[PDB]
>>> print(open('entry_2.pdb').read())   # PDB, C-alpha atoms (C1' of nucleotides)
MODEL        1
ATOM      1  CA  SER A   1     -12.865  -8.103  18.118  1.00  0.00           C
ATOM      2  CA  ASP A   2      -9.132  -8.592  17.520  1.00  0.00           C
ATOM      3  CA  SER A   3      -7.054  -5.802  19.033  1.00  0.00           C
ATOM      4  CA  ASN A   4      -4.235  -5.786  16.466  1.00  0.00           C
ATOM      5  CA  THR A   5      -6.724  -5.926  13.593  1.00  0.00           C
ATOM      6  CA  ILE A   6      -8.434  -2.768  14.847  1.00  0.00           C
ATOM      7  CA  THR A   7      -5.090  -1.088  15.556  1.00  0.00           C
ATOM      8  CA  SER A   8      -3.809  -1.871  12.058  1.00  0.00           C
ATOM      9  CA  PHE A   9      -6.997  -0.447  10.535  1.00  0.00           C
ATOM     10  CA  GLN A  10      -6.791   2.765  12.577  1.00  0.00           C
ATOM     11  CA  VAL A  11      -3.140   3.310  11.626  1.00  0.00           C
ATOM     12  CA  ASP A  12      -3.832   2.548   7.949  1.00  0.00           C
ATOM     13  CA  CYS A  13      -6.620   5.134   8.106  1.00  0.00           C
ATOM     14  CA  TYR A  14      -4.329   7.774   9.584  1.00  0.00           C
ATOM     15  CA  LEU A  15      -1.482   7.067   7.141  1.00  0.00           C
ATOM     16  CA  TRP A  16      -4.004   7.330   4.292  1.00  0.00           C
ATOM     17  CA  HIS A  17      -4.900  10.771   5.659  1.00  0.00           C
ATOM     18  CA  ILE A  18      -1.225  11.841   5.560  1.00  0.00           C
ATOM     19  CA  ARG A  19      -0.892  10.583   1.980  1.00  0.00           C
ATOM     20  CA  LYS A  20      -4.045  12.464   0.978  1.00  0.00           C
ATOM     21  CA  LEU A  21      -2.633  15.726   2.384  1.00  0.00           C
ATOM     22  CA  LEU A  22       0.391  15.251   0.110  1.00  0.00           C
ATOM     23  CA  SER A  23      -1.780  14.670  -2.962  1.00  0.00           C
ATOM     24  CA  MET A  24      -4.021  17.638  -2.135  1.00  0.00           C
ATOM     25  CA  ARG A  25      -1.007  19.979  -2.185  1.00  0.00           C
ATOM     26  CA  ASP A  26       0.034  18.731  -5.674  1.00  0.00           C
ATOM     27  CA  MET A  27       3.155  17.086  -4.253  1.00  0.00           C
ATOM     28  CA  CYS A  28       2.604  13.478  -5.380  1.00  0.00           C
ATOM     29  CA  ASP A  29       3.021  11.539  -8.614  1.00  0.00           C
ATOM     30  CA  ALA A  30       0.297   9.735 -10.542  1.00  0.00           C
ATOM     31  CA  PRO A  31       0.963   6.195  -9.168  1.00  0.00           C
ATOM     32  CA  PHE A  32       0.755   7.623  -5.644  1.00  0.00           C
ATOM     33  CA  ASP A  33      -2.678   9.021  -6.495  1.00  0.00           C
ATOM     34  CA  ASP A  34      -3.628   5.650  -8.001  1.00  0.00           C
ATOM     35  CA  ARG A  35      -2.795   3.969  -4.684  1.00  0.00           C
ATOM     36  CA  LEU A  36      -4.718   6.614  -2.729  1.00  0.00           C
ATOM     37  CA  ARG A  37      -7.806   5.888  -4.810  1.00  0.00           C
ATOM     38  CA  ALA A  38      -7.543   2.101  -4.470  1.00  0.00           C
ATOM     39  CA  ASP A  39      -6.724   2.257  -0.759  1.00  0.00           C
ATOM     40  CA  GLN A  40      -9.672   4.559  -0.077  1.00  0.00           C
ATOM     41  CA  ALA A  41     -12.052   1.911  -1.427  1.00  0.00           C
ATOM     42  CA  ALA A  42     -10.223  -0.781   0.553  1.00  0.00           C
ATOM     43  CA  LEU A  43     -10.446   1.159   3.816  1.00  0.00           C
ATOM     44  CA  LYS A  44     -14.178   1.647   3.255  1.00  0.00           C
ATOM     45  CA  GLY A  45     -14.538  -2.123   2.907  1.00  0.00           C
ATOM     46  CA  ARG A  46     -12.477  -2.829   6.017  1.00  0.00           C
ATOM     47  CA  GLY A  47     -14.378  -0.217   8.007  1.00  0.00           C
ATOM     48  CA  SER A  48     -17.704  -1.794   7.090  1.00  0.00           C
ATOM     49  CA  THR A  49     -16.288  -5.249   7.844  1.00  0.00           C
ATOM     50  CA  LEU A  50     -15.145  -4.100  11.303  1.00  0.00           C
ATOM     51  CA  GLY A  51     -18.153  -1.852  11.903  1.00  0.00           C
ATOM     52  CA  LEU A  52     -15.880   1.156  12.508  1.00  0.00           C
ATOM     53  CA  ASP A  53     -16.422   4.765  11.437  1.00  0.00           C
ATOM     54  CA  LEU A  54     -13.515   5.865   9.233  1.00  0.00           C
ATOM     55  CA  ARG A  55     -13.255   9.416  10.600  1.00  0.00           C
ATOM     56  CA  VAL A  56     -13.088   8.082  14.177  1.00  0.00           C
ATOM     57  CA  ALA A  57     -10.574   5.376  13.262  1.00  0.00           C
ATOM     58  CA  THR A  58      -8.368   8.009  11.592  1.00  0.00           C
ATOM     59  CA  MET A  59      -8.321  10.077  14.783  1.00  0.00           C
ATOM     60  CA  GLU A  60      -7.486   6.969  16.813  1.00  0.00           C
ATOM     61  CA  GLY A  61      -4.729   6.108  14.340  1.00  0.00           C
ATOM     62  CA  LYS A  62      -3.280   9.588  14.816  1.00  0.00           C
ATOM     63  CA  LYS A  63      -2.994   8.962  18.570  1.00  0.00           C
ATOM     64  CA  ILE A  64      -1.412   5.539  18.036  1.00  0.00           C
ATOM     65  CA  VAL A  65       1.180   6.867  15.584  1.00  0.00           C
ATOM     66  CA  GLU A  66       2.035   9.810  17.808  1.00  0.00           C
ATOM     67  CA  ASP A  67       2.440   7.474  20.789  1.00  0.00           C
ATOM     68  CA  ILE A  68       4.746   4.993  19.050  1.00  0.00           C
ATOM     69  CA  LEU A  69       6.832   7.867  17.688  1.00  0.00           C
ATOM     70  CA  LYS A  70       7.052   9.450  21.149  1.00  0.00           C
ATOM     71  CA  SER A  71       8.294   6.045  22.362  1.00  0.00           C
ATOM     72  CA  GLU A  72      10.788   5.461  19.518  1.00  0.00           C
TER      73      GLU A  72
ATOM     74  CA  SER B   1      14.497  13.750 -12.156  1.00  0.00           C
ATOM     75  CA  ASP B   2      10.822  14.501 -11.439  1.00  0.00           C
ATOM     76  CA  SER B   3      10.161  16.420  -8.242  1.00  0.00           C
ATOM     77  CA  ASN B   4       6.847  14.791  -7.224  1.00  0.00           C
ATOM     78  CA  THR B   5       8.238  11.338  -8.017  1.00  0.00           C
ATOM     79  CA  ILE B   6      11.059  11.905  -5.557  1.00  0.00           C
ATOM     80  CA  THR B   7       8.722  13.433  -2.976  1.00  0.00           C
ATOM     81  CA  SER B   8       6.332  10.466  -3.302  1.00  0.00           C
ATOM     82  CA  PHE B   9       9.183   8.024  -2.714  1.00  0.00           C
ATOM     83  CA  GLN B  10      10.507   9.937   0.301  1.00  0.00           C
ATOM     84  CA  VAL B  11       7.053  10.016   1.890  1.00  0.00           C
ATOM     85  CA  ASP B  12       6.378   6.350   1.117  1.00  0.00           C
ATOM     86  CA  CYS B  13       9.733   5.542   2.751  1.00  0.00           C
ATOM     87  CA  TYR B  14       8.889   7.460   5.914  1.00  0.00           C
ATOM     88  CA  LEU B  15       5.396   5.956   6.184  1.00  0.00           C
ATOM     89  CA  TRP B  16       6.955   2.500   5.804  1.00  0.00           C
ATOM     90  CA  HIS B  17       9.163   3.407   8.768  1.00  0.00           C
ATOM     91  CA  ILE B  18       6.076   4.272  10.843  1.00  0.00           C
ATOM     92  CA  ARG B  19       4.391   1.000   9.859  1.00  0.00           C
ATOM     93  CA  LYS B  20       7.540  -0.944  10.745  1.00  0.00           C
ATOM     94  CA  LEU B  21       7.535   0.673  14.200  1.00  0.00           C
ATOM     95  CA  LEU B  22       3.996  -0.583  14.776  1.00  0.00           C
ATOM     96  CA  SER B  23       5.000  -4.104  13.758  1.00  0.00           C
ATOM     97  CA  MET B  24       8.109  -4.128  15.964  1.00  0.00           C
ATOM     98  CA  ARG B  25       5.801  -3.362  18.903  1.00  0.00           C
ATOM     99  CA  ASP B  26       3.684  -6.387  17.873  1.00  0.00           C
ATOM    100  CA  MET B  27       0.653  -4.138  17.451  1.00  0.00           C
ATOM    101  CA  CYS B  28      -0.279  -5.158  13.895  1.00  0.00           C
ATOM    102  CA  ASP B  29      -2.117  -8.047  12.266  1.00  0.00           C
ATOM    103  CA  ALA B  30      -0.707 -10.554   9.800  1.00  0.00           C
ATOM    104  CA  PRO B  31      -1.868  -8.784   6.575  1.00  0.00           C
ATOM    105  CA  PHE B  32      -0.245  -5.551   7.780  1.00  0.00           C
ATOM    106  CA  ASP B  33       3.023  -7.465   8.140  1.00  0.00           C
ATOM    107  CA  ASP B  34       2.554  -9.010   4.687  1.00  0.00           C
ATOM    108  CA  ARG B  35       2.176  -5.514   3.213  1.00  0.00           C
ATOM    109  CA  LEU B  36       5.258  -4.336   5.114  1.00  0.00           C
ATOM    110  CA  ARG B  37       7.304  -7.175   3.614  1.00  0.00           C
ATOM    111  CA  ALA B  38       6.076  -6.582   0.065  1.00  0.00           C
ATOM    112  CA  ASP B  39       6.519  -2.815   0.309  1.00  0.00           C
ATOM    113  CA  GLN B  40      10.071  -3.145   1.609  1.00  0.00           C
ATOM    114  CA  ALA B  41      11.042  -4.996  -1.567  1.00  0.00           C
ATOM    115  CA  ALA B  42       9.162  -2.452  -3.711  1.00  0.00           C
ATOM    116  CA  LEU B  43      10.853   0.526  -2.045  1.00  0.00           C
ATOM    117  CA  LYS B  44      14.258  -1.059  -2.596  1.00  0.00           C
ATOM    118  CA  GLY B  45      13.365  -1.310  -6.290  1.00  0.00           C
ATOM    119  CA  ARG B  46      12.217   2.308  -6.486  1.00  0.00           C
ATOM    120  CA  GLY B  47      15.286   3.544  -4.609  1.00  0.00           C
ATOM    121  CA  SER B  48      17.530   1.702  -7.045  1.00  0.00           C
ATOM    122  CA  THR B  49      15.529   3.145  -9.955  1.00  0.00           C
ATOM    123  CA  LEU B  50      15.836   6.706  -8.590  1.00  0.00           C
ATOM    124  CA  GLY B  51      19.446   6.291  -7.434  1.00  0.00           C
ATOM    125  CA  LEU B  52      18.418   7.307  -3.898  1.00  0.00           C
ATOM    126  CA  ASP B  53      19.607   5.932  -0.569  1.00  0.00           C
ATOM    127  CA  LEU B  54      16.681   4.597   1.445  1.00  0.00           C
ATOM    128  CA  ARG B  55      17.891   5.808   4.863  1.00  0.00           C
ATOM    129  CA  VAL B  56      18.327   9.363   3.564  1.00  0.00           C
ATOM    130  CA  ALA B  57      15.025   9.264   1.665  1.00  0.00           C
ATOM    131  CA  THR B  58      13.323   8.173   4.894  1.00  0.00           C
ATOM    132  CA  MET B  59      14.683  11.189   6.798  1.00  0.00           C
ATOM    133  CA  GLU B  60      13.618  13.484   3.975  1.00  0.00           C
ATOM    134  CA  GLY B  61      10.125  12.002   4.021  1.00  0.00           C
ATOM    135  CA  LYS B  62       9.991  12.697   7.751  1.00  0.00           C
ATOM    136  CA  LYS B  63      10.634  16.411   7.149  1.00  0.00           C
ATOM    137  CA  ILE B  64       8.057  16.573   4.339  1.00  0.00           C
ATOM    138  CA  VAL B  65       5.359  14.854   6.429  1.00  0.00           C
ATOM    139  CA  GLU B  66       6.082  17.034   9.465  1.00  0.00           C
ATOM    140  CA  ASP B  67       5.966  20.189   7.318  1.00  0.00           C
ATOM    141  CA  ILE B  68       2.624  19.181   5.832  1.00  0.00           C
ATOM    142  CA  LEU B  69       1.079  18.305   9.189  1.00  0.00           C
ATOM    143  CA  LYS B  70       2.399  21.560  10.651  1.00  0.00           C
ATOM    144  CA  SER B  71       0.545  23.579   7.996  1.00  0.00           C
ATOM    145  CA  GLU B  72      -2.670  21.499   8.167  1.00  0.00           C
TER     146      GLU B  72
ATOM    147  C1'   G C   1     -19.891 -21.991   3.627  1.00  0.00           C
ATOM    148  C1'   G C   2     -19.871 -16.486   3.480  1.00  0.00           C
ATOM    149  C1'   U C   3     -18.108 -11.147   3.848  1.00  0.00           C
ATOM    150  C1'   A C   4     -13.774  -7.982   3.801  1.00  0.00           C
ATOM    151  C1'   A C   5      -8.654  -6.659   3.204  1.00  0.00           C
ATOM    152  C1'   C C   6      -4.186  -8.439   1.827  1.00  0.00           C
ATOM    153  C1'   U C   7       0.349 -11.796   0.268  1.00  0.00           C
ATOM    154  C1'   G C   8       2.693 -15.160  -3.602  1.00  0.00           C
ATOM    155  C1'   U C   9       2.044 -16.587  -8.605  1.00  0.00           C
ATOM    156  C1'   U C  10      -0.560 -16.079 -13.707  1.00  0.00           C
ATOM    157  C1'   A C  11      -2.766 -13.498 -18.224  1.00  0.00           C
ATOM    158  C1'   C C  12      -4.429  -9.015 -20.512  1.00  0.00           C
ATOM    159  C1'   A C  13      -4.871  -3.661 -20.612  1.00  0.00           C
ATOM    160  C1'   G C  14      -2.962   0.779 -18.784  1.00  0.00           C
ATOM    161  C1'   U C  15      -0.586   5.050 -15.673  1.00  0.00           C
ATOM    162  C1'   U C  16       3.938   7.396 -13.966  1.00  0.00           C
ATOM    163  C1'   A C  17       9.263   8.197 -13.562  1.00  0.00           C
ATOM    164  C1'   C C  18      13.872   7.254 -15.621  1.00  0.00           C
ATOM    165  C1'   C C  19      17.274   5.247 -19.611  1.00  0.00           C
TER     166        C C  19
ATOM    167  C1'   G D   1      13.049  -0.804 -27.070  1.00  0.00           C
ATOM    168  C1'   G D   2      14.305  -1.346 -21.729  1.00  0.00           C
ATOM    169  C1'   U D   3      14.249  -0.870 -16.114  1.00  0.00           C
ATOM    170  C1'   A D   4      11.310   0.137 -11.786  1.00  0.00           C
ATOM    171  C1'   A D   5       6.859   0.871  -8.942  1.00  0.00           C
ATOM    172  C1'   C D   6       1.893   0.982  -9.317  1.00  0.00           C
ATOM    173  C1'   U D   7      -3.632   0.877 -11.129  1.00  0.00           C
ATOM    174  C1'   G D   8      -7.779  -1.906 -13.547  1.00  0.00           C
ATOM    175  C1'   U D   9      -9.168  -6.769 -14.966  1.00  0.00           C
ATOM    176  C1'   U D  10      -8.202 -12.327 -14.873  1.00  0.00           C
ATOM    177  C1'   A D  11      -6.531 -17.398 -12.944  1.00  0.00           C
ATOM    178  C1'   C D  12      -4.644 -20.323  -9.229  1.00  0.00           C
ATOM    179  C1'   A D  13      -2.702 -20.864  -4.208  1.00  0.00           C
ATOM    180  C1'   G D  14      -2.499 -18.917   0.624  1.00  0.00           C
ATOM    181  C1'   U D  15      -2.658 -15.423   5.226  1.00  0.00           C
ATOM    182  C1'   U D  16      -5.639 -12.658   8.661  1.00  0.00           C
ATOM    183  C1'   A D  17     -10.162 -10.780  11.003  1.00  0.00           C
ATOM    184  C1'   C D  18     -15.242 -11.401  11.631  1.00  0.00           C
ATOM    185  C1'   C D  19     -19.981 -14.256  10.746  1.00  0.00           C
TER     186        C D  19
ENDMDL
END
>>> encode(input="entry_2.pdb", output="structure tokens")
Amino acid sequence: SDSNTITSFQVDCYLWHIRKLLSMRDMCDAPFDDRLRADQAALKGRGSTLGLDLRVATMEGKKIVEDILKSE
Amino acid sequence: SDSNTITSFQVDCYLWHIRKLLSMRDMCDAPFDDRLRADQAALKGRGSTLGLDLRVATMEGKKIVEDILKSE
RNA sequence: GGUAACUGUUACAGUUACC
RNA sequence: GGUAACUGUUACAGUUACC
């Protein structure tokens, strides 16, 4: 495995989750929803490529984002 | 102006800031950096289109994202 | 050679915001 | 009519990870 590849995937998963919360609350525009849809399919492909569960990678991405923000 | 368009831009700006932090810590892979570069140009275009300052929009996206995560 | 995601460019169709 | 960003499809060239 490549460490930064996994880290990038986990963070992309968590940032997708944040974006989805915005859409769910009716706070986003249509192109934003278009990107959500396309990125969801892309993250499924990357997760299969890396052999990583998406739910678990999202939780790991949350920890990574919180740590780099705590260090900012 | 359209409220969800502005909100979408503010949030995209703040998430770009988070991604940039990961890259400045050399924790990302090359495609992640390619996306960062492309999205920085795109956000400059959207900010010009909306007449919005990117630094301010980034701070406003931070508040929106924190408010959403707080109510999750 | 293959799988996956992406970047630059190209052609067509479209969505949104604004003028 | 235009500006901006994007989505789907297409063509070419690359980047990365893994096999």
>>> resolve_selection(input="entry_2.pdb", expression="the PyMOL selection byres ((chain B) within 7 of (chain A))", output="list in words")
residues 4, 5, 7, 8, 27, 28, 29 and 32 of chain B
>>> closest_residue(input="entry_2.pdb", among="B:13, B:61, B:38, B:44", to="chain C", atoms="only C-alpha atoms (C1' of nucleotides)")
B:38
>>> calpha_fit_and_write(input="entry_2.pdb", fixed="chain B", moving="chain A", output="mmCIF file with C-alpha atoms, in the frame of the given file")
data_model
loop_
_atom_site.group_PDB
_atom_site.id
_atom_site.type_symbol
_atom_site.label_atom_id
_atom_site.label_comp_id
_atom_site.auth_asym_id
_atom_site.auth_seq_id
_atom_site.Cartn_x
_atom_site.Cartn_y
_atom_site.Cartn_z
ATOM 1 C CA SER A 1 14.540 14.058 -12.019
ATOM 2 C CA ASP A 2 10.822 14.592 -11.366
ATOM 3 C CA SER A 3 10.184 16.480 -8.137
ATOM 4 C CA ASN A 4 6.871 14.839 -7.207
ATOM 5 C CA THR A 5 8.257 11.383 -7.982
ATOM 6 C CA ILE A 6 11.101 11.908 -5.512
ATOM 7 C CA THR A 7 8.752 13.456 -2.944
ATOM 8 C CA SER A 8 6.334 10.527 -3.201
ATOM 9 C CA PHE A 9 9.207 8.070 -2.732
ATOM 10 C CA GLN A 10 10.552 9.899 0.330
ATOM 11 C CA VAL A 11 7.107 10.013 1.958
ATOM 12 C CA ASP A 12 6.440 6.342 1.146
ATOM 13 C CA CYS A 13 9.779 5.541 2.788
ATOM 14 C CA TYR A 14 8.893 7.465 5.937
ATOM 15 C CA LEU A 15 5.380 5.992 6.180
ATOM 16 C CA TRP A 16 6.920 2.526 5.780
ATOM 17 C CA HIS A 17 9.138 3.378 8.757
ATOM 18 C CA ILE A 18 6.074 4.284 10.866
ATOM 19 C CA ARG A 19 4.357 1.030 9.879
ATOM 20 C CA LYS A 20 7.484 -0.945 10.778
ATOM 21 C CA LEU A 21 7.559 0.621 14.264
ATOM 22 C CA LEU A 22 4.001 -0.652 14.776
ATOM 23 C CA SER A 23 4.911 -4.182 13.680
ATOM 24 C CA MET A 24 8.059 -4.207 15.826
ATOM 25 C CA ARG A 25 5.980 -3.518 18.953
ATOM 26 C CA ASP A 26 3.648 -6.481 18.181
ATOM 27 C CA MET A 27 0.742 -4.128 17.484
ATOM 28 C CA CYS A 28 -0.136 -5.160 13.913
ATOM 29 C CA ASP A 29 -2.027 -8.020 12.289
ATOM 30 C CA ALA A 30 -0.635 -10.546 9.825
ATOM 31 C CA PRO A 31 -1.871 -8.840 6.596
ATOM 32 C CA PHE A 32 -0.235 -5.613 7.785
ATOM 33 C CA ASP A 33 3.050 -7.497 8.135
ATOM 34 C CA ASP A 34 2.494 -9.019 4.684
ATOM 35 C CA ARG A 35 2.215 -5.513 3.217
ATOM 36 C CA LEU A 36 5.309 -4.350 5.113
ATOM 37 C CA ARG A 37 7.302 -7.189 3.576
ATOM 38 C CA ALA A 38 6.058 -6.573 0.026
ATOM 39 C CA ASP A 39 6.443 -2.799 0.296
ATOM 40 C CA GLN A 40 9.998 -3.129 1.603
ATOM 41 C CA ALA A 41 11.000 -4.956 -1.584
ATOM 42 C CA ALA A 42 9.129 -2.382 -3.679
ATOM 43 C CA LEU A 43 10.851 0.562 -1.998
ATOM 44 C CA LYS A 44 14.229 -1.080 -2.615
ATOM 45 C CA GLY A 45 13.357 -1.302 -6.310
ATOM 46 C CA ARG A 46 12.184 2.305 -6.477
ATOM 47 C CA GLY A 47 15.258 3.510 -4.608
ATOM 48 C CA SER A 48 17.560 1.763 -7.065
ATOM 49 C CA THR A 49 15.484 3.089 -9.971
ATOM 50 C CA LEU A 50 15.789 6.659 -8.649
ATOM 51 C CA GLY A 51 19.359 6.237 -7.408
ATOM 52 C CA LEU A 52 18.342 7.300 -3.885
ATOM 53 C CA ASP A 53 19.574 5.915 -0.564
ATOM 54 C CA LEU A 54 16.602 4.586 1.415
ATOM 55 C CA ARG A 55 17.799 5.765 4.839
ATOM 56 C CA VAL A 56 18.304 9.308 3.499
ATOM 57 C CA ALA A 57 14.959 9.313 1.686
ATOM 58 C CA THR A 58 13.228 8.204 4.905
ATOM 59 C CA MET A 59 14.721 11.150 6.790
ATOM 60 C CA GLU A 60 13.648 13.508 4.003
ATOM 61 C CA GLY A 61 10.163 11.989 4.074
ATOM 62 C CA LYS A 62 9.996 12.665 7.809
ATOM 63 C CA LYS A 63 10.651 16.371 7.174
ATOM 64 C CA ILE A 64 8.057 16.511 4.389
ATOM 65 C CA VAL A 65 5.366 14.841 6.501
ATOM 66 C CA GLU A 66 6.095 17.046 9.492
ATOM 67 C CA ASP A 67 5.917 20.145 7.284
ATOM 68 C CA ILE A 68 2.586 19.289 5.652
ATOM 69 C CA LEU A 69 1.124 18.427 9.056
ATOM 70 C CA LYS A 70 2.397 21.708 10.520
ATOM 71 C CA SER A 71 0.629 23.419 7.596
ATOM 72 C CA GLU A 72 -2.645 21.454 7.866
#
>>> resolve_selection(input="entry_2.pdb", expression="the PyMOL selection byres ((chain D) within 9 of (chain B))", output="ChimeraX atom specification")
/D:3-5,15-17
>>> atom_distance(input="entry_2.pdb", atom1="atom CA of residue B:41", atom2="atom CA of residue B:62")
20.0 Å
>>> build_atoms(input="entry_2.pdb", residues="stretch 2-20 of chain B", atoms="N, CA, C and O atoms", output="PDB file, in the frame of the given file")
ATOM      1  N   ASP B   2      12.140  13.893 -11.581  1.00  0.00           N
ATOM      2  CA  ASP B   2      10.822  14.501 -11.439  1.00  0.00           C
ATOM      3  C   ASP B   2      10.545  14.770  -9.964  1.00  0.00           C
ATOM      4  O   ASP B   2      10.616  13.856  -9.137  1.00  0.00           O
ATOM      5  N   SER B   3      10.200  16.015  -9.641  1.00  0.00           N
ATOM      6  CA  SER B   3      10.161  16.420  -8.242  1.00  0.00           C
ATOM      7  C   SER B   3       9.116  15.624  -7.453  1.00  0.00           C
ATOM      8  O   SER B   3       9.412  15.102  -6.378  1.00  0.00           O
ATOM      9  N   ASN B   4       7.885  15.492  -7.983  1.00  0.00           N
ATOM     10  CA  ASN B   4       6.847  14.791  -7.224  1.00  0.00           C
ATOM     11  C   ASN B   4       7.117  13.294  -7.145  1.00  0.00           C
ATOM     12  O   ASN B   4       6.644  12.623  -6.215  1.00  0.00           O
ATOM     13  N   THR B   5       7.834  12.740  -8.121  1.00  0.00           N
ATOM     14  CA  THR B   5       8.238  11.338  -8.017  1.00  0.00           C
ATOM     15  C   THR B   5       9.161  11.134  -6.822  1.00  0.00           C
ATOM     16  O   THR B   5       9.018  10.173  -6.053  1.00  0.00           O
ATOM     17  N   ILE B   6      10.137  12.016  -6.673  1.00  0.00           N
ATOM     18  CA  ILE B   6      11.059  11.905  -5.557  1.00  0.00           C
ATOM     19  C   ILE B   6      10.320  12.135  -4.247  1.00  0.00           C
ATOM     20  O   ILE B   6      10.479  11.375  -3.284  1.00  0.00           O
ATOM     21  N   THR B   7       9.475  13.169  -4.199  1.00  0.00           N
ATOM     22  CA  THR B   7       8.722  13.433  -2.976  1.00  0.00           C
ATOM     23  C   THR B   7       7.859  12.234  -2.592  1.00  0.00           C
ATOM     24  O   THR B   7       7.823  11.838  -1.422  1.00  0.00           O
ATOM     25  N   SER B   8       7.181  11.624  -3.575  1.00  0.00           N
ATOM     26  CA  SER B   8       6.332  10.466  -3.302  1.00  0.00           C
ATOM     27  C   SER B   8       7.123   9.314  -2.704  1.00  0.00           C
ATOM     28  O   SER B   8       6.630   8.608  -1.812  1.00  0.00           O
ATOM     29  N   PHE B   9       8.317   9.071  -3.237  1.00  0.00           N
ATOM     30  CA  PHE B   9       9.183   8.024  -2.714  1.00  0.00           C
ATOM     31  C   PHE B   9       9.640   8.340  -1.295  1.00  0.00           C
ATOM     32  O   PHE B   9       9.593   7.473  -0.407  1.00  0.00           O
ATOM     33  N   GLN B  10      10.080   9.577  -1.052  1.00  0.00           N
ATOM     34  CA  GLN B  10      10.507   9.937   0.301  1.00  0.00           C
ATOM     35  C   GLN B  10       9.384   9.736   1.309  1.00  0.00           C
ATOM     36  O   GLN B  10       9.598   9.187   2.396  1.00  0.00           O
ATOM     37  N   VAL B  11       8.166  10.156   0.959  1.00  0.00           N
ATOM     38  CA  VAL B  11       7.053  10.016   1.890  1.00  0.00           C
ATOM     39  C   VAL B  11       6.691   8.549   2.071  1.00  0.00           C
ATOM     40  O   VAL B  11       6.467   8.094   3.195  1.00  0.00           O
ATOM     41  N   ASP B  12       6.650   7.780   0.979  1.00  0.00           N
ATOM     42  CA  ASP B  12       6.378   6.350   1.117  1.00  0.00           C
ATOM     43  C   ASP B  12       7.423   5.683   2.009  1.00  0.00           C
ATOM     44  O   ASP B  12       7.092   4.806   2.814  1.00  0.00           O
ATOM     45  N   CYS B  13       8.689   6.087   1.883  1.00  0.00           N
ATOM     46  CA  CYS B  13       9.733   5.542   2.751  1.00  0.00           C
ATOM     47  C   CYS B  13       9.462   5.859   4.216  1.00  0.00           C
ATOM     48  O   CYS B  13       9.607   4.993   5.088  1.00  0.00           O
ATOM     49  N   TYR B  14       9.115   7.111   4.515  1.00  0.00           N
ATOM     50  CA  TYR B  14       8.889   7.460   5.914  1.00  0.00           C
ATOM     51  C   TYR B  14       7.647   6.759   6.466  1.00  0.00           C
ATOM     52  O   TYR B  14       7.655   6.275   7.607  1.00  0.00           O
ATOM     53  N   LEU B  15       6.573   6.666   5.680  1.00  0.00           N
ATOM     54  CA  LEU B  15       5.396   5.956   6.184  1.00  0.00           C
ATOM     55  C   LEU B  15       5.685   4.470   6.382  1.00  0.00           C
ATOM     56  O   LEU B  15       5.151   3.859   7.314  1.00  0.00           O
ATOM     57  N   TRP B  16       6.544   3.878   5.550  1.00  0.00           N
ATOM     58  CA  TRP B  16       6.955   2.500   5.804  1.00  0.00           C
ATOM     59  C   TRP B  16       7.650   2.392   7.154  1.00  0.00           C
ATOM     60  O   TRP B  16       7.415   1.441   7.910  1.00  0.00           O
ATOM     61  N   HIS B  17       8.485   3.379   7.479  1.00  0.00           N
ATOM     62  CA  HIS B  17       9.163   3.407   8.768  1.00  0.00           C
ATOM     63  C   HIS B  17       8.167   3.437   9.924  1.00  0.00           C
ATOM     64  O   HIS B  17       8.335   2.720  10.912  1.00  0.00           O
ATOM     65  N   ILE B  18       7.105   4.240   9.806  1.00  0.00           N
ATOM     66  CA  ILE B  18       6.076   4.272  10.843  1.00  0.00           C
ATOM     67  C   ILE B  18       5.390   2.915  10.962  1.00  0.00           C
ATOM     68  O   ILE B  18       5.157   2.412  12.069  1.00  0.00           O
ATOM     69  N   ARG B  19       5.030   2.311   9.826  1.00  0.00           N
ATOM     70  CA  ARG B  19       4.391   1.000   9.859  1.00  0.00           C
ATOM     71  C   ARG B  19       5.305  -0.038  10.494  1.00  0.00           C
ATOM     72  O   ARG B  19       4.854  -0.878  11.287  1.00  0.00           O
ATOM     73  N   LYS B  20       6.595  -0.001  10.155  1.00  0.00           N
ATOM     74  CA  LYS B  20       7.540  -0.944  10.745  1.00  0.00           C
ATOM     75  C   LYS B  20       7.602  -0.783  12.260  1.00  0.00           C
ATOM     76  O   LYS B  20       7.679  -1.778  12.992  1.00  0.00           O
TER      77      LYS B  20
END
